[PDB]
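Visitor: The listed protein sequences correspond, in order, to chains A, B, C and D. In terms of UniProt numbering, the first sequence opens at residue 6 and continues consecutively. In terms of UniProt numbering, the second sequence opens at residue 6 and continues consecutively. In terms of UniProt numbering, the third sequence opens at residue 6 and continues consecutively. In terms of UniProt numbering, the fourth sequence opens at residue 6 and continues consecutively. Think of the CB as a built atom: it goes at the ideal place given N, C-alpha and C, for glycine as much as any other residue.
4 protein chains.
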Amino acid sequence: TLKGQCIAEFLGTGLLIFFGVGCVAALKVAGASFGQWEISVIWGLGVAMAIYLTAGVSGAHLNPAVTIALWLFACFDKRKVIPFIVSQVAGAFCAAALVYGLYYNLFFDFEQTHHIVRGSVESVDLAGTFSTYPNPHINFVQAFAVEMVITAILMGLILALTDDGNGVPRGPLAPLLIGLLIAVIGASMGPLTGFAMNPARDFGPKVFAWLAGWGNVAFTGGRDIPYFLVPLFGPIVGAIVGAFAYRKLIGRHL
Amino acid sequence: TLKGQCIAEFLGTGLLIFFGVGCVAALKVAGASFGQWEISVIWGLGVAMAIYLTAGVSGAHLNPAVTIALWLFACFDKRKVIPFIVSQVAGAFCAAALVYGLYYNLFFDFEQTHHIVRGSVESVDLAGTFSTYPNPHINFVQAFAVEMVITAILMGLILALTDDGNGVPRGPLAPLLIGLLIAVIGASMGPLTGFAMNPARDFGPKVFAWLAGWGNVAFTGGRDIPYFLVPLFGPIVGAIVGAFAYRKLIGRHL
Amino acid sequence: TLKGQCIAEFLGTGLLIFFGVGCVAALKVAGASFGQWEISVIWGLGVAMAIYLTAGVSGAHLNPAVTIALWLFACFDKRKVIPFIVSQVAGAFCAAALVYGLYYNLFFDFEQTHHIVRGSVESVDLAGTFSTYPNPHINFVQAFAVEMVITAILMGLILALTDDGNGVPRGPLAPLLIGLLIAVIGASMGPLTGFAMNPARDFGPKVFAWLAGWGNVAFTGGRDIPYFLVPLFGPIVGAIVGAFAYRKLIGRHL
Amino acid sequence: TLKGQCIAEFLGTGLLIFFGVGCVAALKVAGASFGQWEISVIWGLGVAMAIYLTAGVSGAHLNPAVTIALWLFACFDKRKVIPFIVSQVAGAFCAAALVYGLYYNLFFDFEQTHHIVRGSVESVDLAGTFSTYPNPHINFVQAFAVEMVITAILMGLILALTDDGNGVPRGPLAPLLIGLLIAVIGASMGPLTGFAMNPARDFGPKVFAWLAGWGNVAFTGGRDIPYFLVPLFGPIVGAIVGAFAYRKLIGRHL
Ligand SMILES: CCCCCCCCO[C@@H]1O[C@H](CO)[C@@H](O)[C@H](O)[C@H]1O
Ligand SMILES: CCCCCCCCO[C@@H]1O[C@H](CO)[C@@H](O)[C@H](O)[C@H]1O
Ligand SMILES: CCCCCCCCO[C@@H]1O[C@H](CO)[C@@H](O)[C@H](O)[C@H]1O
Ligand SMILES: CCCCCCCCO[C@@H]1O[C@H](CO)[C@@H](O)[C@H](O)[C@H]1O
Ligand SMILES: CCCCCCCCO[C@@H]1O[C@H](CO)[C@@H](O)[C@H](O)[C@H]1O
Ligand SMILES: CCCCCCCCO[C@@H]1O[C@H](CO)[C@@H](O)[C@H](O)[C@H]1O
Ligand SMILES: CCCCCCCCO[C@@H]1O[C@H](CO)[C@@H](O)[C@H](O)[C@H]1O
Ligand SMILES: CCCCCCCCO[C@@H]1O[C@H](CO)[C@@H](O)[C@H](O)[C@H]1O
Ligand SMILES: CCCCCCCCO[C@@H]1O[C@H](CO)[C@@H](O)[C@H](O)[C@H]1O
Ligand SMILES: CCCCCCCCO[C@@H]1O[C@H](CO)[C@@H](O)[C@H](O)[C@H]1O
Ligand SMILES: CCCCCCCCO[C@@H]1O[C@H](CO)[C@@H](O)[C@H](O)[C@H]1O
Ligand SMILES: CCCCCCCCO[C@@H]1O[C@H](CO)[C@@H](O)[C@H](O)[C@H]1O
Numbered sequence: 006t007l008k009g010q011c012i013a014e015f016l017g018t019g020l021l022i023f024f025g026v027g028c029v030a031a032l033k034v035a036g037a038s039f040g041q042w043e044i045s046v047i048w049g050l051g052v053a054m055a056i057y058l059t060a061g062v063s064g065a066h067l068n069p070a071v072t073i074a075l076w077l078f079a080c081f082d083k084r085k086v087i088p089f090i091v092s093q094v095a096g097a098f099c100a101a102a103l104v105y106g107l108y109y110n111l112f113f114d115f116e117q118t119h120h121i122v123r124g125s126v127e128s129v130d131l132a133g134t135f136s137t138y139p140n141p142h143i144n145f146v147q148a149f150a151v152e153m154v155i156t157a158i159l160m161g162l163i164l165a166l167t168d169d170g171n172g173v174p175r176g177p178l179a180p181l182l183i184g185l186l187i188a189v190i191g192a193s194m195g196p197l198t199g200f201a202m203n204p205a206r207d208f209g210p211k212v213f214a215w216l217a218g219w220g221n222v223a224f225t226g227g228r229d230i231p232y233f234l235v236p237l238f239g240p241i242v243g244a245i246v247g248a249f250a251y252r253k254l255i256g257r258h259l
Numbered sequence: 006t007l008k009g010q011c012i013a014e015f016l017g018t019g020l021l022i023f024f025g026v027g028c029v030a031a032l033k034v035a036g037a038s039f040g041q042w043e044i045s046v047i048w049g050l051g052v053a054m055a056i057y058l059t060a061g062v063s064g065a066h067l068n069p070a071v072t073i074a075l076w077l078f079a080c081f082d083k084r085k086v087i088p089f090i091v092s093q094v095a096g097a098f099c100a101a102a103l104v105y106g107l108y109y110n111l112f113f114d115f116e117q118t119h120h121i122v123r124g125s126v127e128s129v130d131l132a133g134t135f136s137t138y139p140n141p142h143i144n145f146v147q148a149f150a151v152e153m154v155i156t157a158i159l160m161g162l163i164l165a166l167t168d169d170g171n172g173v174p175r176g177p178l179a180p181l182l183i184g185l186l187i188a189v190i191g192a193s194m195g196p197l198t199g200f201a202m203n204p205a206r207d208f209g210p211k212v213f214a215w216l217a218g219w220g221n222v223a224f225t226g227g228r229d230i231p232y233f234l235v236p237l238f239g240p241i242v243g244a245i246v247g248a249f250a251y252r253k254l255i256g257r258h259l
Numbered sequence: 006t007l008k009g010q011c012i013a014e015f016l017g018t019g020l021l022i023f024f025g026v027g028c029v030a031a032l033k034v035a036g037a038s039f040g041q042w043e044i045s046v047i048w049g050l051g052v053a054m055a056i057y058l059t060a061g062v063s064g065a066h067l068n069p070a071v072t073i074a075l076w077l078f079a080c081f082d083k084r085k086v087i088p089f090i091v092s093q094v095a096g097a098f099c100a101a102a103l104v105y106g107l108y109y110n111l112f113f114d115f116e117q118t119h120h121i122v123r124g125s126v127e128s129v130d131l132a133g134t135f136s137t138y139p140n141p142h143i144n145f146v147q148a149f150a151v152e153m154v155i156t157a158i159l160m161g162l163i164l165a166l167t168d169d170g171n172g173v174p175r176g177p178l179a180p181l182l183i184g185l186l187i188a189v190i191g192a193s194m195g196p197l198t199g200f201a202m203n204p205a206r207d208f209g210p211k212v213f214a215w216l217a218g219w220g221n222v223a224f225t226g227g228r229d230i231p232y233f234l235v236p237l238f239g240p241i242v243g244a245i246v247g248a249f250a251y252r253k254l255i256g257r258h259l
Numbered sequence: 006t007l008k009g010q011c012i013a014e015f016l017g018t019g020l021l022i023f024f025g026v027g028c029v030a031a032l033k034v035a036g037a038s039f040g041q042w043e044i045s046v047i048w049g050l051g052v053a054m055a056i057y058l059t060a061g062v063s064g065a066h067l068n069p070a071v072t073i074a075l076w077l078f079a080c081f082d083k084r085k086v087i088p089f090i091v092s093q094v095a096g097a098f099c100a101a102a103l104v105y106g107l108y109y110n111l112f113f114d115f116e117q118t119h120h121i122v123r124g125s126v127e128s129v130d131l132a133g134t135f136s137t138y139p140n141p142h143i144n145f146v147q148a149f150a151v152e153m154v155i156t157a158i159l160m161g162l163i164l165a166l167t168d169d170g171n172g173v174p175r176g177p178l179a180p181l182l183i184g185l186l187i188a189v190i191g192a193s194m195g196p197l198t199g200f201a202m203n204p205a206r207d208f209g210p211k212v213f214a215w216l217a218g219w220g221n222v223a224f225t226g227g228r229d230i231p232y233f234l235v236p237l238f239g240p241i242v243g244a245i246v247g248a249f250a251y252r253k254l255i256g257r258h259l
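(1) Give the secondary structure of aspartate 229 of chain C by DSSP, where H, G and I count as helix, E and B as strand, and everything else as coil.
(2) When the distance is taken between beta carbons, is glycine 191 of chain B closer than 8 Å to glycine 49 of chain B?
(3) Between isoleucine 255 of chain A and chain C, is any beta-carbon pair separated by less than 8 Å?
(4) So which residues of chain F does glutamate 43 of chain B contact, with C-beta pairs closer than 7 Å?
(5) Anything with a beta carbon under 5 Å from a heavy atom of ligand 6 counts; list them all in chain order.
(6) Spell out whether any CB of chain A is found under 8 Å from the CB atom of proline 196 of chain B.
(7) Between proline 139 of chain C and ligand 9, is there a pair consisting of the residue's CB and a ligand heavy atom that are separated by less than 7 Å?
(8) Please state the DSSP three-state secondary structure of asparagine 221 of chain B.
(9) Is the Cβ of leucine 32 of chain B closer than 8 Å to any Cβ of chain A?
(10) Across the stretch 42–57 of chain D and the stretch 22–34 of chain D, are there enough close Cβ pairs to call them in contact, namely three or more that are closer than 8 Å?
(11) So that I know if they touch, is there some Cβ in chain C lying closer than 8 Å to that of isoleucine 47 of chain D?
(12) When the Cα of residue 292 of chain B is compared with those of D/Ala165, D/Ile187 and D/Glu14, which residue comes out closest?
(13) Quick check: the stretch 83–91 of chain A against the stretch 213–227 of chain B, are there 3 or more CB pairs under 8 Å?
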């Protein structure tokens with residue numbers, strides 16, 4: 006039932022944000038030792054678990070860019086596109102709230118200790134706990150290209166890993182492999198834009214940080230062009246290219 | 006036979022405490038370099054091995070919260086609930102003793118070198134080798150919510166990973182995936198309460214540290230409200246919610 | 006179709022260079038925390054994904070040394086040897102360009118900040134982002150022996166992991182295991198020559214760095230004997246030994 | 006054929022020493038960043054590959070303690086016990102020589118730079134590249150207990166992971182899981198005695214270091230009681246206990 010699938014998409018998306026935002030909070034306000042690889046593998050494995058939990062019900066999109074691409078290139082029912090997307094964004098938002106609630110005290114003590122004013126340009130770093138912001142050395146267009154390229158890779162490899170007509174079927178290994186895929190993308194490209202690749206994963210938590218005291222910088226990242234636009238459209242404009250490229254360059258040759 | 010299952014639960018629970026408490030001892034008194042992720046993945050993989058060793062005999066609960074939840078939502082024989090729980094706690098206690106016995110000299114030389122009085126409030130850090138204690142910035146109720154939420158997630162995902170009617174069956178991959186699940190929980194939430202999620206895993210070693218010279222602080226953690234209560238009830242009150250949530254939100258939609 | 010296989014070899018080789026060169030760029034110009042193991046596992050998993058993507062089409066050589074060895078010991082069609090090799094080198098070259106394009110600004114700001122003249126002997130370190138260079142303490146012949154030994158091991162274990170007549174078939178696990186194989190080679194021998202083991206993986210990006218401003222040092226590494234020769238021939242002269250050794254010492258005993 | 010099995014045991018044992026001793030050399034003389042977990046996982050995965058390579062031919066013992074235990078509790082042909090053990094020790098010795106040959110220059114430059122006299126008590130640290138030595142805070146008997154306990158665990162879990170009558174068969178996952186088992190043992194107990202658990206893995210390289218200039222300390226570790234005895238007998242006296250415990254406590258209940 007659609008209602009059951011929307012619930013799964015809500016829970017699955019919330020689950021990966023819980024693990025994801027959770028580990029970044031540990032790094033930022035709990036002093037945990039996490040390198041780029043550790044942060045990336047935790048996000049990836051977190052995603053794998055979310056897939057294992059919801060694949061049997063909704064098919065585990067847990068990503069608006071993936072839903073839209075599967076609609077355009079996988080015959081996914083267009084009537085379920087918006088219901089899935091609203092569920093994904095709602096789950097991400099709620100999970101972000103839950104993580105903030107559990108780490109609550111550490112956020113305030115860190116801001117107090119380091120004299121950080123939440124909502125200021127300097128608080129964007131802590132806001133990074135919830136969503137993505139661009140590397141200091143790159144601009145809007147450059148950040149957009151990054152998200153576009155990595156999401157295309159994400160979509161393309163998701164199709165390849167789940168395409169049973171491509172080599173030996175992965176079976177139950179598929180979700181795990183998708184998690185490791187996210188891990189290598191995060192390790193190789195993460196320093197540039199925080200490998201968002203998912204509109205729900207970014208906007209939901211951004212809206213929460215906005216409500217929790219970070220204000221407008223949660224959306225702009227302290228940049229002239231409001232940054233939230235990149236994690237919103239770059240992934241969509243990227244998953245479509247990825248899906249297209251797979252069928253034309255790999256599938257059409259299987 | 007029940008006697009055979011209690012032996013397996015004793016060994017399995019002891020095995021994961023051996024690996025778990027062992028790596029934390031290495032970190033604390035042997036100067037090993039371990040970040041939050043490393044500590045978490047070792048605990049998780051340690052649990053996976055314990056499952057591989059005992060699943061075929063007892064079903065590998067190795068956790069009182071899991072036993073009680075499987076009794077309430079999986080038709081697990083109620084007559085085996087207490088026998089399993091006593092075996093789990095006894096195994097955890099013994100393994101803790103074994104690890105202390107192997108690292109014995111390093112404990113005393115570390116305390117001597119750093120002028121630490123075992124049993125004092127400052128020795129709670131070393132006591133952390135055996136069991137869990139709350140992050141300095143959070144209190145009793147906050148720590149209780151953490152354990153409740155993560156154990157619910159643990160139970161829920163354990164059911165999802167072992168539910169063959171949910172997507173493609175994991176088969177022999179299940180235990181490993183459960184280990185990785187524990188790893189991501191430990192990495193994302195571990196800095197808050199040491200992701201106990203298991204009454205036997207915490208109480209058994211706490212009782213040992215109590216007997217080995219840490220005294221009352223082993224139970225209180227140096228807090229007004231005796232901390233041991235959290236790792237004792239939070240997990241139980243959490244595994245039940247998790248089990249419930251799975252059947253109602255995911256299973257009922259498969 | 007051969008055209009379809011050359012496209013897959015181009016994409017697959019480009020994919021592993023993207024992830025590989027990407028993570029090294031993060032380490033060198035983005036300040037990411039990556040140890041030898043992290044760098045090695047990312048390269049390995051990156052290779053695994055490239056295999057999953059192309060195995061079903063071309064068989065996933067993604068390495069000139071592997072193509073030549075499979076031709077000499079696996080009846081691989083000799084008419085496809087050169088088409089595969091040109092595709093592999095072209096894909097590696099293009100991916101290197103793409104990674105440089107995404108990290109563009111970080112390269113210049115790093116060189117500016119650390120007063121590094123691109124093209125100078127001191128810029129060889131940054132050039133290391135794209136390809137391999139020898140450890141300061143070893144010379145040409147020593148570096149050649151390293152690449153020869155590790156590629157022989159690579160080829161031999163690739164055959165063993167994919168040989169269904171050897172123990173229990175790995176099935177869909179094969180690519181992942183090959184990735185982990187590369188990871189352990191990189192961790193144990195990587196500090197010596199950057200575990201190139203693949204002519205396309207090294208020459209393509211070297212030619213790019215040459216064109217992007219590093220000049221002649223991209224090829225020589227600042228050594229009397231032009232270093233590029235080692236990653237070019239050592240792997241070939243090594244994959245053949247490895248393939249030979251497998252059939253004679255292991256296969257002939259199955 | 007026995008000759009073919011002895012060759013596989015020689016190669017397999019040599020392979021894991023190559024990866025193992027290789028990564029420790031990187032850490033000690035090549036300045037690579039490796040924590041206890043990284044070193045442990047590399048050794049483990051290295052062992053997994055050695056198993057994948059030789060399991061189909063010899064059954065992949067690659068360890069005298071395992072051969073002897075399988076003879077006493079698995080009906081392994083006693084006529085092949087000594088031939089296997091000589092092959093294991095010879096392979097370990099040769100691999101150690103090969104690793105030293107590839108890292109040759111780094112050893113001398115490190116000793117020169119840090120004014121270390123090879124053969125002196127202070128050179129035992131570098132000798133640690135090849136084999137195991139006890140933690141400064143523990144003595145002979147304590148080190149013996151460690152090796153005994155961990156090898157018993159090793160043997161017992163190897164039997165459990167390969168016992169198809171125990172839960173869902175692992176199939177091709179078995180070797181990998183055994184590698185991860187070694188990884189968690191190394192992470193939790195490695196700081197105490199270098200988790201030798203294998204007479205061939207320790208004696209062979211010790212004999213090499215002895216011949217390569219470390220002299221008598223290679224065998225004694227600079228201790229009154231010659232240390233080499235522990236990695237020699239502790240594992241044997243431990244694998245037997247482990248094998249026994251498995252059949253009596255787990256197998257007899259399947
Ligand atoms: C299983 C799903 C449970 C969802 C619980 C959501 C709990 C939200 O948590 C709450 O969020 C508030 C706003 O950020 C904070 O101010 C509170 O301190 C916090 O407890
Ligand atoms: C599940 C629904 C959660 C809704 C968002 C609640 C966020 C509460 O968060 C609070 O917001 C206040 C106003 O910004 C801030 O001043 C506080 O510091 C912050 O704790
Ligand atoms: C699913 C995502 C839909 C996003 C629709 C656009 C939401 C824009 O949101 C708006 O962004 C501005 C940024 O400066 C702010 O000034 C506004 O307060 C904020 O509400
Ligand atoms: C296979 C299971 C073996 C269980 C052996 C338990 C060994 C306990 O070990 C002992 O514990 C004592 C109390 O902590 C210490 O004082 C001793 O030094 C130590 O050797
Ligand atoms: C397997 C059964 C083990 C029972 C617990 C034995 C713990 C012994 O441990 C010892 O306890 C003494 C009293 O606290 C302390 O003074 C010592 O420092 C400590 O080594
Ligand atoms: C399976 C777990 C059952 C636990 C039952 C409660 C055990 C309480 O244990 C008690 O805790 C107090 C804490 O300050 C101490 O003062 C006591 O000495 C100690 O025995
Ligand atoms: C899906 C495959 C897309 C291939 C795109 C290749 C893009 C190359 O990228 C370009 O490379 C130039 C030379 O290094 C740089 O100067 C540019 O700044 C960069 O954008
Ligand atoms: C996909 C085809 C890419 C072809 C290579 C383009 C490399 C452009 O790279 C540019 O090269 C210039 C000349 O070396 C340098 O001076 C610049 O600093 C560099 O950005
Ligand atoms: C598939 C790989 C084929 C490689 C063929 C040899 C290419 C050599 O390339 C040459 O190397 C010299 C190094 O100093 C340079 O001086 C030249 O400018 C460069 O073009
Ligand atoms: C595939 C198996 C190849 C085995 C090759 C063994 C090579 C030994 O290597 C040699 O060892 C000597 C003694 O340590 C050193 O002095 C030499 O420098 C080194 O090259
Ligand atoms: C494969 C057979 C290898 C046999 C062992 C050769 C070890 C050579 O190693 C050499 O040994 C000399 C004597 O100790 C030392 O003085 C040198 O420093 C050392 O390089
Ligand atoms: C398979 C392993 C068999 C080992 C048999 C015992 C080998 C002992 O070896 C001996 O050890 C002594 C240690 O101080 C040295 O003095 C000798 O030079 C050395 O040859």
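Guide: Per the coordinate set shown:
(1) When secondary structure is reduced to three states using DSSP, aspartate 229 of chain C falls in the coil class, being assigned neither helix nor strand.
(2) Yes, the pair counts as a contact, with Cβ atoms nearer than the cut-off.
(3) Nearest CB-CB separation between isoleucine 255 of chain A and chain C: below the 8 Å threshold.
(4) The question asks about chain F, but that chain is absent: this structure's protein chains are A, B, C and D.
(5) Every residue passing the under-5 Å Cβ criterion appears here: B/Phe208, B/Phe224 and B/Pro231.
(6) Yes, its Cβ sits closer than 8 Å to a Cβ of chain A.
(7) Checking the 7 Å criterion, the Cβ of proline 139 of chain C is out of range of every heavy atom belonging to ligand 9.
(8) In this structure, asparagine 221 of chain B counts as coil in the three-state DSSP scheme.
(9) Chain A, which has no Cβ nearer than 8 Å to the Cβ of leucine 32 of chain B, makes this no.
(10) Touching, yes, given that three or more Cβ pairs across the two stretches are closer than 8 Å.
(11) Flagged as an interface residue toward chain C: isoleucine 47 of chain D, by a C-beta distance shorter than 8 Å.
(12) Beyond the ends of chain B as shown, which are 6 and 259, falls residue 292 of chain B; an answer cannot be given.
(13) No: fewer than three Cβ pairs fall under 8 Å.
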